[PDB]
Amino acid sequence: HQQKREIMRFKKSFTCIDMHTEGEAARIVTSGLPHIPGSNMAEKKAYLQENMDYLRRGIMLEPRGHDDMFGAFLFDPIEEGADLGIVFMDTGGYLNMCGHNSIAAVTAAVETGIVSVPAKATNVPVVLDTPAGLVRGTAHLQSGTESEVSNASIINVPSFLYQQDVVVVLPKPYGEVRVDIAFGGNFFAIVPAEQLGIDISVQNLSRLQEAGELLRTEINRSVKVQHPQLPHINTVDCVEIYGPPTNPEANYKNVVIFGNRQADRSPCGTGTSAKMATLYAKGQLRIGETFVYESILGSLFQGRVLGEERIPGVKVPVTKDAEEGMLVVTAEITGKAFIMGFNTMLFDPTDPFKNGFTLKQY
(Lines of atoms letter the chains of each structure in order from A and count residues from 1; the text may use other names and numbers.)
(Lines give C-alpha, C1' and ligand atoms only; values in the text may rest on other atoms or scores of the structure.)
Protein backbone atom coordinates (compact mmCIF):
# COMPACT_ATOMS: atom_id res chain seq x y z
CA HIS A 1 0.00 0.00 0.00
CA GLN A 2 1.08 3.59 0.83
CA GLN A 3 3.72 2.24 3.25
CA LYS A 4 6.00 3.33 0.37
CA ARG A 5 4.82 6.92 1.15
CA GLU A 6 6.06 6.36 4.70
CA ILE A 7 9.53 5.12 3.60
CA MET A 8 9.70 8.28 1.46
CA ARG A 9 8.41 10.58 4.28
CA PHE A 10 11.08 9.42 6.77
CA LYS A 11 13.97 9.72 4.37
CA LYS A 12 16.58 11.89 6.06
CA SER A 13 14.77 11.91 9.35
CA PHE A 14 16.41 11.97 12.83
CA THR A 15 15.19 10.30 16.04
CA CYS A 16 15.76 12.34 19.21
CA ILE A 17 15.40 12.08 22.93
CA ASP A 18 14.13 15.47 23.83
CA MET A 19 15.19 16.48 27.26
CA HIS A 20 15.69 19.42 29.54
CA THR A 21 18.07 19.98 32.41
CA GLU A 22 16.18 22.32 34.75
CA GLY A 23 14.49 24.24 31.87
CA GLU A 24 17.32 24.18 29.32
CA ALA A 25 16.69 22.00 26.25
CA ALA A 26 18.95 19.16 25.29
CA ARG A 27 17.76 17.72 21.98
CA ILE A 28 19.76 14.48 21.90
CA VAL A 29 19.88 12.97 18.37
CA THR A 30 20.11 9.18 18.60
CA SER A 31 19.96 8.23 14.90
CA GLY A 32 19.82 9.35 11.24
CA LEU A 33 23.42 10.64 10.94
CA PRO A 34 25.57 8.81 8.40
CA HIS A 35 29.24 8.15 9.02
CA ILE A 36 31.04 11.43 9.83
CA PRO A 37 34.81 11.37 9.11
CA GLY A 38 37.13 12.10 12.03
CA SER A 39 39.53 10.30 14.39
CA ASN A 40 38.11 11.96 17.50
CA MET A 41 35.07 13.88 18.60
CA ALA A 42 36.75 17.19 17.80
CA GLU A 43 37.30 16.25 14.14
CA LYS A 44 33.72 14.96 13.71
CA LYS A 45 32.46 18.30 14.99
CA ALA A 46 34.55 20.29 12.55
CA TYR A 47 33.46 18.00 9.74
CA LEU A 48 29.85 18.66 10.69
CA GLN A 49 30.49 22.31 10.84
CA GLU A 50 32.42 22.71 7.59
CA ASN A 51 30.34 20.35 5.44
CA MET A 52 26.93 19.54 7.00
CA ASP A 53 25.99 22.65 9.02
CA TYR A 54 22.50 22.87 7.53
CA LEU A 55 21.75 19.89 9.88
CA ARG A 56 22.45 21.78 13.09
CA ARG A 57 20.33 24.62 11.64
CA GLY A 58 17.22 22.60 10.85
CA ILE A 59 17.26 20.65 14.11
CA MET A 60 18.01 23.70 16.31
CA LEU A 61 16.02 26.50 14.74
CA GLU A 62 12.42 27.35 14.02
CA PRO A 63 10.24 25.79 13.00
CA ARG A 64 11.51 22.51 14.50
CA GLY A 65 13.39 24.32 17.33
CA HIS A 66 13.69 27.94 18.46
CA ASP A 67 16.04 30.78 19.19
CA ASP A 68 17.06 29.20 22.57
CA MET A 69 17.25 25.52 21.71
CA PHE A 70 20.27 23.34 22.43
CA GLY A 71 21.24 19.78 21.66
CA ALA A 72 23.72 17.10 20.60
CA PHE A 73 24.53 14.20 18.21
CA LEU A 74 25.47 10.89 19.77
CA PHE A 75 28.20 8.65 18.30
CA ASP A 76 29.91 5.41 19.14
CA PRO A 77 32.78 6.07 21.51
CA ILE A 78 36.32 6.32 20.11
CA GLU A 79 38.27 7.07 23.27
CA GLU A 80 39.10 4.15 25.63
CA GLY A 81 36.74 3.96 28.60
CA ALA A 82 33.97 5.95 27.02
CA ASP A 83 30.39 4.73 26.76
CA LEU A 84 29.18 7.44 24.32
CA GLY A 85 30.53 9.93 21.84
CA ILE A 86 28.83 13.27 21.83
CA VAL A 87 29.15 16.50 19.87
CA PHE A 88 27.10 19.44 21.08
CA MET A 89 25.34 22.03 19.01
CA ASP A 90 23.31 25.20 19.41
CA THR A 91 21.80 28.14 17.49
CA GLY A 92 25.21 29.54 16.55
CA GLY A 93 27.68 26.60 16.44
CA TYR A 94 29.33 23.85 18.39
CA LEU A 95 30.53 24.06 22.07
CA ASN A 96 33.43 21.74 22.96
CA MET A 97 31.63 20.90 26.23
CA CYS A 98 28.25 21.34 27.83
CA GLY A 99 27.32 20.50 31.43
CA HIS A 100 23.53 20.61 31.19
CA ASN A 101 23.47 18.41 28.09
CA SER A 102 26.08 16.06 29.62
CA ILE A 103 23.85 15.67 32.67
CA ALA A 104 20.92 15.03 30.33
CA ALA A 105 22.91 12.51 28.33
CA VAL A 106 24.06 10.54 31.37
CA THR A 107 20.44 10.51 32.57
CA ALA A 108 19.13 9.37 29.17
CA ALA A 109 21.81 6.67 28.70
CA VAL A 110 20.55 5.11 31.86
CA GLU A 111 16.79 5.76 31.56
CA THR A 112 16.71 4.20 28.00
CA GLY A 113 19.24 1.45 28.42
CA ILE A 114 21.92 2.89 26.11
CA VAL A 115 24.18 1.90 29.02
CA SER A 116 23.23 -1.03 31.20
CA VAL A 117 22.54 -0.99 34.95
CA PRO A 118 24.67 -3.40 37.08
CA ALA A 119 22.11 -5.52 39.01
CA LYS A 120 21.57 -4.04 42.53
CA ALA A 121 23.33 -0.67 41.80
CA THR A 122 22.86 2.80 43.31
CA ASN A 123 25.17 4.66 40.88
CA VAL A 124 25.75 3.95 37.20
CA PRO A 125 28.84 5.41 35.62
CA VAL A 126 28.43 6.90 32.14
CA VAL A 127 31.55 8.23 30.45
CA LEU A 128 31.10 10.66 27.58
CA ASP A 129 33.70 11.13 24.87
CA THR A 130 33.52 14.93 24.08
CA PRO A 131 35.47 17.39 21.94
CA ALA A 132 37.04 18.73 25.15
CA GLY A 133 38.18 15.31 26.54
CA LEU A 134 36.59 12.51 28.63
CA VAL A 135 33.79 13.50 31.01
CA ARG A 136 33.01 10.99 33.76
CA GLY A 137 29.39 10.99 34.76
CA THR A 138 27.39 9.16 37.37
CA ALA A 139 23.64 8.70 37.34
CA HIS A 140 22.44 8.56 40.97
CA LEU A 141 19.55 6.11 41.12
CA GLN A 142 16.19 6.47 42.84
CA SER A 143 17.04 4.02 45.53
CA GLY A 144 14.25 1.40 45.24
CA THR A 145 14.11 1.21 41.45
CA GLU A 146 15.56 -0.45 38.37
CA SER A 147 16.59 2.50 36.13
CA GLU A 148 14.96 5.65 37.60
CA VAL A 149 17.39 8.57 37.96
CA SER A 150 17.23 11.14 40.76
CA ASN A 151 20.01 13.30 39.39
CA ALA A 152 23.28 13.03 37.55
CA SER A 153 26.69 14.42 38.16
CA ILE A 154 29.71 14.94 35.96
CA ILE A 155 33.40 15.23 36.60
CA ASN A 156 34.41 17.85 34.12
CA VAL A 157 37.53 18.06 32.09
CA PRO A 158 40.28 20.01 33.85
CA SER A 159 39.27 23.61 34.35
CA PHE A 160 41.54 26.56 34.93
CA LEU A 161 41.54 30.32 35.20
CA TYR A 162 43.29 31.71 32.13
CA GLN A 163 43.72 35.47 32.31
CA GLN A 164 42.72 37.86 35.04
CA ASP A 165 41.44 41.46 35.04
CA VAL A 166 41.16 41.91 31.29
CA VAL A 167 39.88 45.37 30.30
CA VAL A 168 37.40 45.24 27.32
CA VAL A 169 35.94 48.47 25.95
CA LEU A 170 32.37 47.93 24.80
CA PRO A 171 30.39 50.71 23.01
CA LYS A 172 27.91 52.91 24.95
CA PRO A 173 25.83 52.49 26.92
CA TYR A 174 28.07 49.76 28.47
CA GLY A 175 31.56 51.34 28.19
CA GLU A 176 34.65 49.78 29.79
CA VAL A 177 34.54 46.37 31.61
CA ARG A 178 36.81 44.15 33.75
CA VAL A 179 36.50 40.36 33.15
CA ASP A 180 38.28 37.11 33.85
CA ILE A 181 38.66 34.49 31.14
CA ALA A 182 38.48 30.93 32.24
CA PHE A 183 38.17 27.48 30.73
CA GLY A 184 35.51 25.12 32.09
CA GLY A 185 35.14 22.97 28.93
CA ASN A 186 34.56 26.16 26.92
CA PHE A 187 36.42 29.45 27.36
CA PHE A 188 34.36 32.00 29.30
CA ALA A 189 34.50 35.70 29.83
CA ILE A 190 33.26 35.97 33.41
CA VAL A 191 31.87 39.35 34.27
CA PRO A 192 29.89 40.83 37.15
CA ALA A 193 26.47 42.12 36.03
CA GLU A 194 27.12 45.15 38.27
CA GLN A 195 29.59 46.23 35.56
CA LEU A 196 27.14 46.04 32.69
CA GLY A 197 24.83 48.35 34.61
CA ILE A 198 22.20 45.62 34.43
CA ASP A 199 20.43 43.42 36.90
CA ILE A 200 19.94 39.68 36.25
CA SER A 201 16.17 39.44 35.84
CA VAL A 202 13.82 38.11 33.19
CA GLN A 203 12.96 41.74 32.49
CA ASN A 204 16.52 42.51 31.36
CA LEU A 205 17.07 39.37 29.23
CA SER A 206 17.30 41.05 25.83
CA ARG A 207 19.84 43.57 27.23
CA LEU A 208 21.98 40.86 28.86
CA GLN A 209 21.86 39.14 25.42
CA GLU A 210 23.11 42.29 23.57
CA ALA A 211 25.83 42.77 26.20
CA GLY A 212 27.00 39.18 25.98
CA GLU A 213 27.34 39.33 22.21
CA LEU A 214 29.30 42.59 22.33
CA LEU A 215 31.54 41.24 25.02
CA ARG A 216 32.18 37.98 23.21
CA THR A 217 32.92 39.81 19.93
CA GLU A 218 35.23 42.29 21.61
CA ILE A 219 37.12 39.69 23.60
CA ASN A 220 37.81 37.50 20.55
CA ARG A 221 38.92 40.50 18.55
CA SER A 222 41.19 41.92 21.37
CA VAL A 223 42.43 38.84 23.19
CA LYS A 224 43.74 35.69 21.58
CA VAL A 225 43.12 32.58 23.67
CA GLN A 226 44.63 29.14 23.25
CA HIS A 227 44.06 25.97 25.24
CA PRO A 228 47.55 24.69 26.03
CA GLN A 229 46.67 20.92 25.40
CA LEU A 230 43.81 21.22 22.90
CA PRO A 231 44.89 23.25 19.83
CA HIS A 232 41.40 23.25 18.31
CA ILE A 233 40.09 25.47 21.16
CA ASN A 234 41.11 29.10 20.58
CA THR A 235 38.14 31.41 21.11
CA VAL A 236 35.79 32.53 23.77
CA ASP A 237 32.40 31.02 23.04
CA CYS A 238 30.45 32.10 26.15
CA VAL A 239 29.82 35.06 28.44
CA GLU A 240 28.95 34.52 32.11
CA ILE A 241 27.13 37.38 33.77
CA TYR A 242 26.99 36.90 37.56
CA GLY A 243 25.41 38.76 40.39
CA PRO A 244 23.83 38.35 43.84
CA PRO A 245 21.59 35.30 44.39
CA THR A 246 17.82 35.24 44.94
CA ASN A 247 17.66 31.79 46.55
CA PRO A 248 19.67 32.15 49.80
CA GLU A 249 20.99 28.56 49.29
CA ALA A 250 23.02 29.87 46.36
CA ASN A 251 26.42 31.58 46.40
CA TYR A 252 25.49 33.57 43.24
CA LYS A 253 23.11 33.90 40.22
CA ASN A 254 24.17 33.89 36.55
CA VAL A 255 23.01 33.90 32.96
CA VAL A 256 25.25 32.59 30.16
CA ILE A 257 25.12 34.13 26.69
CA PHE A 258 26.41 31.91 23.86
CA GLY A 259 25.43 30.56 20.45
CA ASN A 260 23.60 33.20 18.40
CA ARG A 261 23.33 35.23 21.55
CA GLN A 262 20.90 32.75 23.20
CA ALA A 263 20.66 32.52 27.07
CA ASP A 264 21.13 29.41 29.23
CA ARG A 265 18.06 28.73 31.34
CA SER A 266 20.18 26.28 33.35
CA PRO A 267 23.01 27.61 35.60
CA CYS A 268 25.40 26.24 33.02
CA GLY A 269 27.70 23.37 33.98
CA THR A 270 30.85 24.51 32.18
CA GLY A 271 30.30 28.06 33.36
CA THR A 272 29.88 26.74 36.89
CA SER A 273 33.19 24.86 36.47
CA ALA A 274 34.77 28.04 35.22
CA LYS A 275 33.65 30.23 38.18
CA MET A 276 34.90 27.48 40.55
CA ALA A 277 38.32 27.39 38.99
CA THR A 278 38.44 31.16 39.35
CA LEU A 279 37.51 31.44 43.00
CA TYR A 280 39.76 28.44 43.76
CA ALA A 281 42.70 30.04 41.92
CA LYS A 282 42.00 33.09 44.10
CA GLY A 283 41.91 31.11 47.40
CA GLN A 284 38.13 31.76 47.73
CA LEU A 285 36.80 28.20 47.44
CA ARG A 286 38.41 25.14 49.06
CA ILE A 287 38.64 21.58 47.77
CA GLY A 288 35.48 19.77 48.86
CA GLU A 289 33.37 22.88 49.53
CA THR A 290 29.96 23.04 47.95
CA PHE A 291 29.25 25.92 45.59
CA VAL A 292 25.66 26.46 44.46
CA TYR A 293 24.79 28.40 41.32
CA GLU A 294 21.34 29.72 40.50
CA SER A 295 19.97 30.36 36.96
CA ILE A 296 17.65 33.17 35.77
CA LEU A 297 14.79 30.67 36.20
CA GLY A 298 15.94 29.80 39.76
CA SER A 299 17.33 26.37 38.81
CA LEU A 300 20.19 25.09 40.95
CA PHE A 301 23.36 23.21 40.11
CA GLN A 302 25.68 22.07 42.90
CA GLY A 303 29.40 22.00 42.38
CA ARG A 304 32.61 21.11 44.15
CA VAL A 305 36.34 20.99 43.40
CA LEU A 306 37.60 17.43 43.84
CA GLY A 307 41.30 18.06 43.45
CA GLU A 308 43.89 20.37 41.98
CA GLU A 309 46.97 20.07 39.86
CA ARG A 310 49.98 22.12 38.88
CA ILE A 311 51.49 21.23 35.47
CA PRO A 312 55.23 22.11 35.40
CA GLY A 313 56.51 24.28 32.50
CA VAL A 314 53.08 25.03 31.12
CA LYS A 315 51.97 28.63 31.77
CA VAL A 316 48.97 30.70 30.68
CA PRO A 317 48.74 34.51 31.02
CA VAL A 318 47.58 34.37 34.65
CA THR A 319 50.52 32.12 35.68
CA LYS A 320 53.03 34.18 37.72
CA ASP A 321 56.79 33.93 37.55
CA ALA A 322 56.75 32.74 41.13
CA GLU A 323 54.65 29.67 40.02
CA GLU A 324 56.00 26.22 38.96
CA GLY A 325 53.29 25.83 36.30
CA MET A 326 49.60 26.30 35.67
CA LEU A 327 46.83 25.45 38.09
CA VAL A 328 44.00 23.21 36.94
CA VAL A 329 41.19 21.90 39.13
CA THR A 330 38.83 18.97 38.61
CA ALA A 331 35.20 20.14 39.24
CA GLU A 332 32.12 18.03 39.74
CA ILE A 333 28.66 19.34 38.90
CA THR A 334 25.31 17.87 39.79
CA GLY A 335 21.84 18.53 38.45
CA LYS A 336 18.60 16.99 37.26
CA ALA A 337 17.37 16.25 33.74
CA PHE A 338 14.00 15.06 32.46
CA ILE A 339 12.78 13.31 29.30
CA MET A 340 10.28 15.62 27.71
CA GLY A 341 9.70 13.59 24.48
CA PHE A 342 10.63 10.97 21.97
CA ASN A 343 10.72 12.94 18.72
CA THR A 344 11.13 11.95 15.07
CA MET A 345 12.25 15.00 13.00
CA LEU A 346 11.12 15.05 9.39
CA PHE A 347 12.33 17.10 6.43
CA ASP A 348 9.98 17.39 3.54
CA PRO A 349 12.20 18.22 0.53
CA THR A 350 9.68 20.84 -0.69
CA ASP A 351 9.84 22.62 2.73
CA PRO A 352 11.53 26.00 2.30
CA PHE A 353 12.44 25.90 5.98
CA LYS A 354 13.89 22.38 6.14
CA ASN A 355 17.12 24.16 7.08
CA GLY A 356 15.54 26.35 9.72
CA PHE A 357 15.39 30.12 10.10
CA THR A 358 15.71 32.71 12.83
CA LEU A 359 14.10 36.16 12.93
CA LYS A 360 16.88 37.13 15.33
CA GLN A 361 18.38 40.45 14.39
CA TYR A 362 21.88 40.63 12.76
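Counting begins at 1, following the sequence as shown. In this text, rigid core is short for the largest set of C-alphas that superpose within 1.5 Å between two forms.
Undergrad: Comparing C-alpha positions in 4 other deposited structures of this protein against this form, with the rigid core used for the fit, which stretch differs more, 126 to 134 or 210 to 218?
TA: Once the cores are fitted, 210 to 218 deviates more in 4 other deposited structures of this protein.
Undergrad: Hey, after superposing on the core, which one moves around more in 4 other deposited structures of this protein, 171 to 179 or 244 to 252, CA-wise?
TA: When 171 to 179 and 244 to 252 are compared in 4 other deposited structures of this protein, 171 to 179 lies farther out.
Undergrad: Comparing 214 to 222 with 70 to 78, which stretch shows the greater average C-alpha B-factor in the deposited entry?
TA: Looking at the recorded C-alpha B-factors, 214 to 222 comes out higher on average.
Undergrad: Going by the average Cα B-factor in the PDB entry, point out whether 83 to 91 or 228 to 236 comes out higher.
TA: 228 to 236 has the higher mean C-alpha B-factor.
Undergrad: Check the PDB entry and point out which of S31, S299, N40, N51 has the largest C-alpha temperature factor.
TA: The record points to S299.
Undergrad: Quick one: which of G259, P131, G99, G144 has the biggest Cα B-factor according to the entry?
TA: Of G259, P131, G99, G144, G144 has the highest C-alpha B-factor.
Undergrad: Please say which third, lowest, middle or highest, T290 falls into when its CA temperature factor is compared across its chain.
TA: Ranked within chain, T290 CA B lands in the middle tercile.
Undergrad: Split the chain's modelled residues into thirds by Cα B-factor; is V110 in the lowest, middle or highest one?
TA: It belongs to the middle third of the chain when residues are ordered by C-alpha B-factor.
Undergrad: For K354, return the chain-relative third of its C-alpha B-factor as stated in the PDB record: lowest, middle or highest.
TA: Lowest third, going by the recorded CA B-factors of the chain.
Undergrad: Taking the chain's C-alpha temperature factors as the reference, tell me which third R9 falls into: lowest, middle or highest.
TA: According to the entry, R9 has a C-alpha B-factor in the chain's highest third.
Undergrad: Against its chain's modelled residues, does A46's Cα B factor rank lowest, middle or highest third?
TA: According to the entry, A46 has a C-alpha B-factor in the chain's lowest third.
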